[PDB]
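Here the structure is laid out as structure tokens; the discussion comes afterwards.
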Amino acid sequence: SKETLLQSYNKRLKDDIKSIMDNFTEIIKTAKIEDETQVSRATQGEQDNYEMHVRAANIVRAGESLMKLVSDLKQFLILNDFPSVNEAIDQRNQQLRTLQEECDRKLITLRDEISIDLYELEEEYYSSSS
Amino acid sequence: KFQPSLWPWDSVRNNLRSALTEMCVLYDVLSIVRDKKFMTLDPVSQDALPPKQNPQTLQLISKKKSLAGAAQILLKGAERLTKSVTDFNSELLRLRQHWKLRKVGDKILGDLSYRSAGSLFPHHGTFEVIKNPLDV
Amino acid sequence: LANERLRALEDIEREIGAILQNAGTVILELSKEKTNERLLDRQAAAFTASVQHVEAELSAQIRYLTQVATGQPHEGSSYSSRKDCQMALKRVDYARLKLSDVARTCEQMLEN
């Protein structure tokens, strides 16, 4: 339903913000240097490098998901935000009415001028001697 | 030499299966260690002398390199977003500004008939909207 | 119409700014010497302010969308006015073609 879709959007937003914050905080925490005990410097360093790269990838993925959320929200607004549909419909209607009225005024003035010319031509043609 | 039709993503499978071999080596060695037969354990007190101050300097250079790679992937994604934003929903703006639209399921449909304008014509004008920027 | 959409565009740009501020902060932390630790604090506050107001804008817009959603397909339209405008324009075109024909017969009469 509409409620269900809006809830789902809320869930996605909360999840994305939470993920960006958590990944950044975890990267900062690993960035701490600590004294080693039973971790074998080389292994500890490679594991830390992998963790940082994976977390950065996760942050980028969360940003892409936030872009997807913004796109979905834009689609919902363009499709069913009733006020803006009403202002678009009304503006379209008023513009088309003004164009119709301009066309009809042009046609009516054309008819009157053509009618006066027709009167002159009728007098000339019917009163021709031949 | 042939594999289940995976001609891209083969080298990732090589690295992952090499990891799978050495992880099976770890499971193997700790399992045969875990039984008393075929492998045994002896507690030995032995000590090592570190020739250089290894945790300080090694943790330093490794953490600066790790933070370098992390900032690289982050800022590369950032500039990808910059070039990525610099067109579909603008055409949906224009299309909704002229036409009557709705959404059912994932599909986005539109009405083409004058049934909003008063015709009781037994034919629905449902046209689909298809991203291809936009088509009908 | 341009208002809420421009808000969505701004939130797009600020998501980019959030990622760039993350990247710039770990850029400054990766430096061998990072003298501008005050600027590190400024970039950190910039990052957190970006994430927080992105959350604020998107939460506000989901709330506003919750207030004006109906689940019904909006039975309004603007078809009849477009139809009448098309008929008016085709009246004008018909009169243009007929005036061309009358002017052509007048040119044939005056031409001799």
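As shown in the structure tokens, the chain order sets the letters A, B, ...; within each chain, residues go from 1, and ligands are also counted from 1 in the order they appear.
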Set out as a Markdown table a contact list for segment 30-51 of chain C and segment 39-61 of chain B with a cut-off of 12 Å, giving each residue of segment 30-51 of chain C that qualifies its closest atom pair and distance in Å to one decimal, counting only C-alpha atoms, ordered by chain and rising residue number.
| residue | atom | partner | partner_atom | distance |
| --- | --- | --- | --- | --- |
| C:30 | CA | B:61 | CA | 10.1 |
| C:31 | CA | B:61 | CA | 11.1 |
| C:32 | CA | B:61 | CA | 9.5 |
Specify as a PDB file with N, CA, C and O atoms, in the first residue's frame all residues of chain A found within 10 Å of chain B, counting only C-alpha atoms.
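out_17.pdb, written as the output of this step:
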ATOM      1  N   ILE A  27      36.208   2.456  10.529  1.00  0.00           N
ATOM      2  CA  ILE A  27      37.502   2.743   9.854  1.00  0.00           C
ATOM      3  C   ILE A  27      38.328   3.574  10.828  1.00  0.00           C
ATOM      4  O   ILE A  27      39.477   3.215  11.063  1.00  0.00           O
ATOM      5  N   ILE A  28      37.716   4.580  11.449  1.00  0.00           N
ATOM      6  CA  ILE A  28      38.500   5.475  12.347  1.00  0.00           C
ATOM      7  C   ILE A  28      39.043   4.637  13.505  1.00  0.00           C
ATOM      8  O   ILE A  28      40.204   4.841  13.881  1.00  0.00           O
ATOM      9  N   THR A  30      39.739   1.347  13.640  1.00  0.00           N
ATOM     10  CA  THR A  30      40.832   0.444  13.199  1.00  0.00           C
ATOM     11  C   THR A  30      42.081   1.292  12.994  1.00  0.00           C
ATOM     12  O   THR A  30      43.192   0.783  13.227  1.00  0.00           O
ATOM     13  N   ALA A  31      41.890   2.518  12.512  1.00  0.00           N
ATOM     14  CA  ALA A  31      43.027   3.433  12.302  1.00  0.00           C
ATOM     15  C   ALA A  31      43.809   3.568  13.603  1.00  0.00           C
ATOM     16  O   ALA A  31      44.995   3.959  13.525  1.00  0.00           O
ATOM     17  N   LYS A  32      43.202   3.250  14.762  1.00  0.00           N
ATOM     18  CA  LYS A  32      44.047   3.308  15.952  1.00  0.00           C
ATOM     19  C   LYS A  32      45.202   2.323  15.863  1.00  0.00           C
ATOM     20  O   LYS A  32      45.026   1.169  15.464  1.00  0.00           O
ATOM     21  N   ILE A  33      46.395   2.791  16.229  1.00  0.00           N
ATOM     22  CA  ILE A  33      47.514   1.882  16.411  1.00  0.00           C
ATOM     23  C   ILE A  33      47.473   1.317  17.824  1.00  0.00           C
ATOM     24  O   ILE A  33      47.263   2.049  18.801  1.00  0.00           O
ATOM     25  N   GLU A  34      47.623   0.001  17.940  1.00  0.00           N
ATOM     26  CA  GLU A  34      47.652  -0.662  19.234  1.00  0.00           C
ATOM     27  C   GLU A  34      48.885  -1.547  19.300  1.00  0.00           C
ATOM     28  O   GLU A  34      49.448  -1.925  18.271  1.00  0.00           O
ATOM     29  N   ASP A  35      49.300  -1.883  20.515  1.00  0.00           N
ATOM     30  CA  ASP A  35      50.395  -2.824  20.682  1.00  0.00           C
ATOM     31  C   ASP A  35      49.932  -4.234  20.334  1.00  0.00           C
ATOM     32  O   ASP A  35      48.800  -4.627  20.622  1.00  0.00           O
ATOM     33  N   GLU A  36      50.820  -4.997  19.710  1.00  0.00           N
ATOM     34  CA  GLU A  36      50.471  -6.305  19.175  1.00  0.00           C
ATOM     35  C   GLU A  36      50.734  -7.368  20.228  1.00  0.00           C
ATOM     36  O   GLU A  36      51.680  -7.255  21.014  1.00  0.00           O
ATOM     37  N   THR A  37      49.879  -8.386  20.260  1.00  0.00           N
ATOM     38  CA  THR A  37      50.097  -9.575  21.067  1.00  0.00           C
ATOM     39  C   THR A  37      49.385 -10.746  20.404  1.00  0.00           C
ATOM     40  O   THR A  37      48.151 -10.779  20.352  1.00  0.00           O
ATOM     41  N   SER A  40      50.939 -11.204  14.994  1.00  0.00           N
ATOM     42  CA  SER A  40      51.933 -11.279  13.883  1.00  0.00           C
ATOM     43  C   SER A  40      51.815 -10.086  12.931  1.00  0.00           C
ATOM     44  O   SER A  40      51.277 -10.275  11.825  1.00  0.00           O
ATOM     45  N   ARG A  41      52.402  -8.952  13.331  1.00  0.00           N
ATOM     46  CA  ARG A  41      52.393  -7.685  12.548  1.00  0.00           C
ATOM     47  C   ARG A  41      51.934  -7.829  11.101  1.00  0.00           C
ATOM     48  O   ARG A  41      50.987  -7.132  10.746  1.00  0.00           O
ATOM     49  N   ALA A  42      52.584  -8.671  10.296  1.00  0.00           N
ATOM     50  CA  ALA A  42      52.238  -8.692   8.853  1.00  0.00           C
ATOM     51  C   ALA A  42      50.769  -9.075   8.654  1.00  0.00           C
ATOM     52  O   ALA A  42      50.048  -8.332   7.941  1.00  0.00           O
ATOM     53  N   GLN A  44      48.324  -8.870  10.778  1.00  0.00           N
ATOM     54  CA  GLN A  44      47.412  -7.851  11.349  1.00  0.00           C
ATOM     55  C   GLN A  44      47.277  -6.734  10.320  1.00  0.00           C
ATOM     56  O   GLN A  44      46.139  -6.369  10.010  1.00  0.00           O
ATOM     57  N   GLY A  45      48.393  -6.298   9.740  1.00  0.00           N
ATOM     58  CA  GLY A  45      48.363  -5.202   8.758  1.00  0.00           C
ATOM     59  C   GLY A  45      47.567  -5.579   7.521  1.00  0.00           C
ATOM     60  O   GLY A  45      46.721  -4.759   7.114  1.00  0.00           O
ATOM     61  N   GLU A  46      47.762  -6.780   6.968  1.00  0.00           N
ATOM     62  CA  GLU A  46      46.949  -7.077   5.760  1.00  0.00           C
ATOM     63  C   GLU A  46      45.465  -7.119   6.130  1.00  0.00           C
ATOM     64  O   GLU A  46      44.648  -6.644   5.323  1.00  0.00           O
ATOM     65  N   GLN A  47      45.134  -7.689   7.289  1.00  0.00           N
ATOM     66  CA  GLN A  47      43.702  -7.815   7.655  1.00  0.00           C
ATOM     67  C   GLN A  47      43.134  -6.402   7.774  1.00  0.00           C
ATOM     68  O   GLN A  47      42.031  -6.169   7.257  1.00  0.00           O
ATOM     69  N   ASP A  48      43.892  -5.489   8.383  1.00  0.00           N
ATOM     70  CA  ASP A  48      43.422  -4.094   8.579  1.00  0.00           C
ATOM     71  C   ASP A  48      43.234  -3.422   7.218  1.00  0.00           C
ATOM     72  O   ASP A  48      42.221  -2.723   7.043  1.00  0.00           O
ATOM     73  N   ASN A  49      44.156  -3.657   6.284  1.00  0.00           N
ATOM     74  CA  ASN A  49      44.050  -3.045   4.937  1.00  0.00           C
ATOM     75  C   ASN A  49      42.761  -3.553   4.293  1.00  0.00           C
ATOM     76  O   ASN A  49      41.968  -2.718   3.777  1.00  0.00           O
ATOM     77  N   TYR A  50      42.520  -4.860   4.400  1.00  0.00           N
ATOM     78  CA  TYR A  50      41.316  -5.407   3.734  1.00  0.00           C
ATOM     79  C   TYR A  50      40.089  -4.773   4.376  1.00  0.00           C
ATOM     80  O   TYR A  50      39.207  -4.339   3.638  1.00  0.00           O
ATOM     81  N   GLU A  51      40.085  -4.657   5.704  1.00  0.00           N
ATOM     82  CA  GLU A  51      38.890  -4.122   6.397  1.00  0.00           C
ATOM     83  C   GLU A  51      38.652  -2.698   5.908  1.00  0.00           C
ATOM     84  O   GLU A  51      37.521  -2.407   5.514  1.00  0.00           O
ATOM     85  N   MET A  52      39.702  -1.879   5.842  1.00  0.00           N
ATOM     86  CA  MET A  52      39.492  -0.464   5.456  1.00  0.00           C
ATOM     87  C   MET A  52      38.943  -0.429   4.032  1.00  0.00           C
ATOM     88  O   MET A  52      37.929   0.266   3.805  1.00  0.00           O
ATOM     89  N   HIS A  53      39.531  -1.213   3.128  1.00  0.00           N
ATOM     90  CA  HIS A  53      39.062  -1.110   1.724  1.00  0.00           C
ATOM     91  C   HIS A  53      37.597  -1.539   1.655  1.00  0.00           C
ATOM     92  O   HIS A  53      36.792  -0.830   1.012  1.00  0.00           O
ATOM     93  N   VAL A  54      37.250  -2.625   2.345  1.00  0.00           N
ATOM     94  CA  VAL A  54      35.863  -3.157   2.248  1.00  0.00           C
ATOM     95  C   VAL A  54      34.897  -2.121   2.822  1.00  0.00           C
ATOM     96  O   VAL A  54      33.836  -1.926   2.226  1.00  0.00           O
ATOM     97  N   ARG A  55      35.268  -1.476   3.926  1.00  0.00           N
ATOM     98  CA  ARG A  55      34.373  -0.481   4.557  1.00  0.00           C
ATOM     99  C   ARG A  55      34.198   0.731   3.642  1.00  0.00           C
ATOM    100  O   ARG A  55      33.093   1.291   3.620  1.00  0.00           O
ATOM    101  N   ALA A  56      35.266   1.157   2.968  1.00  0.00           N
ATOM    102  CA  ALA A  56      35.146   2.288   2.022  1.00  0.00           C
ATOM    103  C   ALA A  56      34.205   1.895   0.884  1.00  0.00           C
ATOM    104  O   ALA A  56      33.352   2.730   0.463  1.00  0.00           O
ATOM    105  N   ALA A  57      34.333   0.653   0.418  1.00  0.00           N
ATOM    106  CA  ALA A  57      33.433   0.183  -0.655  1.00  0.00           C
ATOM    107  C   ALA A  57      31.999   0.223  -0.130  1.00  0.00           C
ATOM    108  O   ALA A  57      31.119   0.671  -0.876  1.00  0.00           O
ATOM    109  N   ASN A  58      31.793  -0.183   1.122  1.00  0.00           N
ATOM    110  CA  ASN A  58      30.439  -0.196   1.729  1.00  0.00           C
ATOM    111  C   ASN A  58      29.897   1.231   1.801  1.00  0.00           C
ATOM    112  O   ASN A  58      28.716   1.408   1.505  1.00  0.00           O
ATOM    113  N   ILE A  59      30.738   2.202   2.163  1.00  0.00           N
ATOM    114  CA  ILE A  59      30.302   3.626   2.241  1.00  0.00           C
ATOM    115  C   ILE A  59      29.866   4.084   0.846  1.00  0.00           C
ATOM    116  O   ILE A  59      28.789   4.714   0.721  1.00  0.00           O
ATOM    117  N   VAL A  60      30.655   3.738  -0.172  1.00  0.00           N
ATOM    118  CA  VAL A  60      30.298   4.164  -1.556  1.00  0.00           C
ATOM    119  C   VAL A  60      28.963   3.513  -1.941  1.00  0.00           C
ATOM    120  O   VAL A  60      28.124   4.192  -2.586  1.00  0.00           O
ATOM    121  N   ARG A  61      28.773   2.246  -1.568  1.00  0.00           N
ATOM    122  CA  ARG A  61      27.531   1.511  -1.919  1.00  0.00           C
ATOM    123  C   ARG A  61      26.345   2.184  -1.230  1.00  0.00           C
ATOM    124  O   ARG A  61      25.282   2.294  -1.862  1.00  0.00           O
ATOM    125  N   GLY A  63      26.141   5.323  -0.398  1.00  0.00           N
ATOM    126  CA  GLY A  63      25.867   6.559  -1.159  1.00  0.00           C
ATOM    127  C   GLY A  63      25.070   6.278  -2.420  1.00  0.00           C
ATOM    128  O   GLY A  63      24.102   7.027  -2.706  1.00  0.00           O
ATOM    129  N   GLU A  64      25.418   5.206  -3.131  1.00  0.00           N
ATOM    130  CA  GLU A  64      24.638   4.838  -4.342  1.00  0.00           C
ATOM    131  C   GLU A  64      23.191   4.505  -3.957  1.00  0.00           C
ATOM    132  O   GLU A  64      22.270   4.890  -4.711  1.00  0.00           O
ATOM    133  N   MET A  67      21.316   7.621  -3.434  1.00  0.00           N
ATOM    134  CA  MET A  67      20.928   8.182  -4.756  1.00  0.00           C
ATOM    135  C   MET A  67      19.679   7.454  -5.265  1.00  0.00           C
ATOM    136  O   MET A  67      18.752   8.136  -5.766  1.00  0.00           O
ATOM    137  N   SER A  71      15.985   9.063  -6.100  1.00  0.00           N
ATOM    138  CA  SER A  71      15.307   8.876  -7.409  1.00  0.00           C
ATOM    139  C   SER A  71      13.885   8.343  -7.196  1.00  0.00           C
ATOM    140  O   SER A  71      12.950   8.867  -7.834  1.00  0.00           O
ATOM    141  N   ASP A  72      13.725   7.363  -6.305  1.00  0.00           N
ATOM    142  CA  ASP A  72      12.384   6.777  -6.050  1.00  0.00           C
ATOM    143  C   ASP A  72      11.455   7.846  -5.468  1.00  0.00           C
ATOM    144  O   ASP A  72      10.282   7.897  -5.877  1.00  0.00           O
ATOM    145  N   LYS A  74      11.646  11.047  -5.929  1.00  0.00           N
ATOM    146  CA  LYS A  74      11.342  11.992  -7.031  1.00  0.00           C
ATOM    147  C   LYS A  74      10.218  11.391  -7.868  1.00  0.00           C
ATOM    148  O   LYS A  74       9.266  12.118  -8.176  1.00  0.00           O
ATOM    149  N   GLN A  75      10.309  10.095  -8.167  1.00  0.00           N
ATOM    150  CA  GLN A  75       9.268   9.449  -9.005  1.00  0.00           C
ATOM    151  C   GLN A  75       7.932   9.533  -8.265  1.00  0.00           C
ATOM    152  O   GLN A  75       6.941   9.922  -8.889  1.00  0.00           O
ATOM    153  N   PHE A  76       7.927   9.258  -6.961  1.00  0.00           N
ATOM    154  CA  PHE A  76       6.646   9.263  -6.211  1.00  0.00           C
ATOM    155  C   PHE A  76       6.062  10.674  -6.274  1.00  0.00           C
ATOM    156  O   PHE A  76       4.866  10.814  -6.554  1.00  0.00           O
ATOM    157  N   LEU A  77       6.903  11.689  -6.084  1.00  0.00           N
ATOM    158  CA  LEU A  77       6.410  13.088  -6.073  1.00  0.00           C
ATOM    159  C   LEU A  77       5.840  13.438  -7.450  1.00  0.00           C
ATOM    160  O   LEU A  77       4.750  14.029  -7.501  1.00  0.00           O
ATOM    161  N   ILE A  78       6.536  13.060  -8.524  1.00  0.00           N
ATOM    162  CA  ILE A  78       6.082  13.420  -9.899  1.00  0.00           C
ATOM    163  C   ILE A  78       4.779  12.687 -10.217  1.00  0.00           C
ATOM    164  O   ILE A  78       3.989  13.213 -11.022  1.00  0.00           O
ATOM    165  N   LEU A  79       4.592  11.493  -9.655  1.00  0.00           N
ATOM    166  CA  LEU A  79       3.395  10.696 -10.014  1.00  0.00           C
ATOM    167  C   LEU A  79       2.191  10.997  -9.120  1.00  0.00           C
ATOM    168  O   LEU A  79       1.086  11.147  -9.685  1.00  0.00           O
ATOM    169  N   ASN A  80       2.365  11.129  -7.796  1.00  0.00           N
ATOM    170  CA  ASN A  80       1.145  11.274  -6.991  1.00  0.00           C
ATOM    171  C   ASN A  80       1.308  12.243  -5.817  1.00  0.00           C
ATOM    172  O   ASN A  80       1.037  11.926  -4.667  1.00  0.00           O
ATOM    173  N   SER A  84       0.435  19.459  -7.113  1.00  0.00           N
ATOM    174  CA  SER A  84       1.215  19.947  -8.237  1.00  0.00           C
ATOM    175  C   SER A  84       0.606  19.494  -9.542  1.00  0.00           C
ATOM    176  O   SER A  84       0.718  20.181 -10.561  1.00  0.00           O
ATOM    177  N   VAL A  85      -0.090  18.360  -9.509  1.00  0.00           N
ATOM    178  CA  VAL A  85      -0.867  17.931 -10.659  1.00  0.00           C
ATOM    179  C   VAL A  85      -1.988  18.914 -10.922  1.00  0.00           C
ATOM    180  O   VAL A  85      -2.282  19.245 -12.073  1.00  0.00           O
ATOM    181  N   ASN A  86      -2.590  19.441  -9.857  1.00  0.00           N
ATOM    182  CA  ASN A  86      -3.678  20.394 -10.018  1.00  0.00           C
ATOM    183  C   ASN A  86      -3.175  21.724 -10.548  1.00  0.00           C
ATOM    184  O   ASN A  86      -3.819  22.340 -11.403  1.00  0.00           O
ATOM    185  N   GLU A  87      -2.009  22.178 -10.082  1.00  0.00           N
ATOM    186  CA  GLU A  87      -1.505  23.442 -10.611  1.00  0.00           C
ATOM    187  C   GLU A  87      -1.017  23.288 -12.043  1.00  0.00           C
ATOM    188  O   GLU A  87      -1.177  24.208 -12.856  1.00  0.00           O
ATOM    189  N   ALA A  88      -0.485  22.113 -12.390  1.00  0.00           N
ATOM    190  CA  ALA A  88      -0.070  21.873 -13.770  1.00  0.00           C
ATOM    191  C   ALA A  88      -1.264  21.811 -14.703  1.00  0.00           C
ATOM    192  O   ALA A  88      -1.235  22.391 -15.796  1.00  0.00           O
ATOM    193  N   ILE A  89      -2.326  21.128 -14.273  1.00  0.00           N
ATOM    194  CA  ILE A  89      -3.548  21.023 -15.063  1.00  0.00           C
ATOM    195  C   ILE A  89      -4.171  22.393 -15.261  1.00  0.00           C
ATOM    196  O   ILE A  89      -4.569  22.751 -16.376  1.00  0.00           O
ATOM    197  N   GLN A  91      -2.715  25.385 -15.091  1.00  0.00           N
ATOM    198  CA  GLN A  91      -1.892  26.253 -15.920  1.00  0.00           C
ATOM    199  C   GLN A  91      -1.994  25.857 -17.386  1.00  0.00           C
ATOM    200  O   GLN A  91      -2.081  26.725 -18.269  1.00  0.00           O
ATOM    201  N   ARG A  92      -2.024  24.547 -17.653  1.00  0.00           N
ATOM    202  CA  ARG A  92      -2.189  24.054 -19.014  1.00  0.00           C
ATOM    203  C   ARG A  92      -3.528  24.480 -19.593  1.00  0.00           C
ATOM    204  O   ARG A  92      -3.604  24.939 -20.741  1.00  0.00           O
TER     205      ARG A  92
END
**Request:** Considering only C-alpha atoms, extract the chain C residues located within 8 Å of chain A and return them as a PyMOL selection string.
**Result:** chain C and resi 1+5+8+11-12+15-16+19+22+51+55+58-59+62+65-66+68-71+73-74+76-78+81-82+84-85+88-89+92
**Fill in**
As a check of understanding: the span from atom CA of residue 136 of chain B to atom CA of residue 115 of chain B is 19.7 Å
**Prompt:** Can you tell me, as a PyMOL selection string, what residues are no more than 12 Å from residue 38 of chain C when counting only C-alpha atoms, ignoring any on the same chain fewer than 6 positions away?
**Reply:** chain C and resi 25+28+44-45
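Compared by their closest atoms to chain B, and using only C-alpha atoms, the residues C:103, C:110, C:97, C:2 rank with C:2 nearest.
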**Message:** Need the shell around residue 18 of chain C: protein/DNA/RNA residues with any atom at most 6 Å away, counting only C-alpha atoms. Skip same-chain ones fewer than 3 positions apart. Format as a ChimeraX atom specification?
**Reply:** /C:15,21,47,50
**Prompt:** Just asking: which residues within chain B are strand (DSSP E) according to DSSP, as a ChimeraX atom specification?
**Reply:** /B:100-104,107-111,126-128,130-131,134-135
Write the residues of the preceding selection, restricted to N, CA and C atoms, as a PDB file, in the first residue's frame.
ATOM      1  N   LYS B 100      -1.952  12.089 -18.476  1.00  0.00           N
ATOM      2  CA  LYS B 100      -2.437  11.542 -17.218  1.00  0.00           C
ATOM      3  C   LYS B 100      -1.782  10.197 -16.970  1.00  0.00           C
ATOM      4  N   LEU B 101      -1.099  10.059 -15.841  1.00  0.00           N
ATOM      5  CA  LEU B 101      -0.265   8.900 -15.575  1.00  0.00           C
ATOM      6  C   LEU B 101      -0.602   8.303 -14.220  1.00  0.00           C
ATOM      7  N   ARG B 102      -0.115   7.086 -13.991  1.00  0.00           N
ATOM      8  CA  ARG B 102      -0.263   6.399 -12.717  1.00  0.00           C
ATOM      9  C   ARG B 102       0.748   5.269 -12.651  1.00  0.00           C
ATOM     10  N   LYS B 103       0.836   4.640 -11.486  1.00  0.00           N
ATOM     11  CA  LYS B 103       1.770   3.548 -11.257  1.00  0.00           C
ATOM     12  C   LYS B 103       1.021   2.363 -10.683  1.00  0.00           C
ATOM     13  N   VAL B 104       1.151   1.210 -11.322  1.00  0.00           N
ATOM     14  CA  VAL B 104       0.656  -0.043 -10.761  1.00  0.00           C
ATOM     15  C   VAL B 104       1.807  -1.040 -10.736  1.00  0.00           C
ATOM     16  N   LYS B 107       5.168  -1.003 -12.773  1.00  0.00           N
ATOM     17  CA  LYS B 107       4.868  -0.469 -14.090  1.00  0.00           C
ATOM     18  C   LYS B 107       4.278   0.917 -13.950  1.00  0.00           C
ATOM     19  N   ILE B 108       4.572   1.773 -14.919  1.00  0.00           N
ATOM     20  CA  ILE B 108       4.029   3.119 -14.949  1.00  0.00           C
ATOM     21  C   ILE B 108       3.200   3.258 -16.219  1.00  0.00           C
ATOM     22  N   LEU B 109       1.907   3.456 -16.036  1.00  0.00           N
ATOM     23  CA  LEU B 109       0.957   3.469 -17.129  1.00  0.00           C
ATOM     24  C   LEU B 109       0.370   4.851 -17.294  1.00  0.00           C
ATOM     25  N   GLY B 110      -0.398   5.006 -18.359  1.00  0.00           N
ATOM     26  CA  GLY B 110      -1.054   6.262 -18.617  1.00  0.00           C
ATOM     27  C   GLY B 110      -2.353   6.036 -19.358  1.00  0.00           C
ATOM     28  N   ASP B 111      -3.259   6.987 -19.190  1.00  0.00           N
ATOM     29  CA  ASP B 111      -4.560   6.951 -19.832  1.00  0.00           C
ATOM     30  C   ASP B 111      -4.518   7.814 -21.076  1.00  0.00           C
ATOM     31  N   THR B 126      -4.678   2.525 -22.150  1.00  0.00           N
ATOM     32  CA  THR B 126      -3.519   2.357 -21.284  1.00  0.00           C
ATOM     33  C   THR B 126      -2.284   2.243 -22.153  1.00  0.00           C
ATOM     34  N   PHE B 127      -1.416   3.238 -22.082  1.00  0.00           N
ATOM     35  CA  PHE B 127      -0.117   3.168 -22.731  1.00  0.00           C
ATOM     36  C   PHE B 127       0.942   3.022 -21.658  1.00  0.00           C
ATOM     37  N   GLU B 128       1.962   2.226 -21.939  1.00  0.00           N
ATOM     38  CA  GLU B 128       3.027   2.022 -20.971  1.00  0.00           C
ATOM     39  C   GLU B 128       4.103   3.079 -21.155  1.00  0.00           C
ATOM     40  N   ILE B 130       8.201   3.479 -20.951  1.00  0.00           N
ATOM     41  CA  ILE B 130       9.317   2.560 -21.102  1.00  0.00           C
ATOM     42  C   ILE B 130      10.603   3.367 -21.120  1.00  0.00           C
ATOM     43  N   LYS B 131      11.505   3.075 -20.191  1.00  0.00           N
ATOM     44  CA  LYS B 131      12.782   3.774 -20.171  1.00  0.00           C
ATOM     45  C   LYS B 131      13.689   3.261 -21.282  1.00  0.00           C
ATOM     46  N   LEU B 134      13.033   8.372 -22.803  1.00  0.00           N
ATOM     47  CA  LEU B 134      11.730   7.842 -22.451  1.00  0.00           C
ATOM     48  C   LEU B 134      10.998   7.482 -23.726  1.00  0.00           C
ATOM     49  N   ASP B 135      10.134   6.485 -23.641  1.00  0.00           N
ATOM     50  CA  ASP B 135       9.345   6.036 -24.770  1.00  0.00           C
ATOM     51  C   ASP B 135       7.989   5.578 -24.271  1.00  0.00           C
TER      52      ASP B 135
END
**Request:** Determine which residues of segment 38-111 of chain C receive a DSSP assignment of helix (DSSP H, G or I), computed from the backbone, and state them as a PyMOL selection string.
**Result:** chain C and resi 38-67+79-110
**Request:** May I ask which of the residues C:56, C:26, C:43, C:91 is the closest one to residue 108 of chain A, counting only C-alpha atoms?
**Result:**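 Checking each candidate against residue 108 of chain A, we get C:91 as the closest.
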**Message:** Counting only C-alpha atoms, which residue out of C:83, C:53, C:96, C:104 sits closest to chain B?
**Reply:** C:83
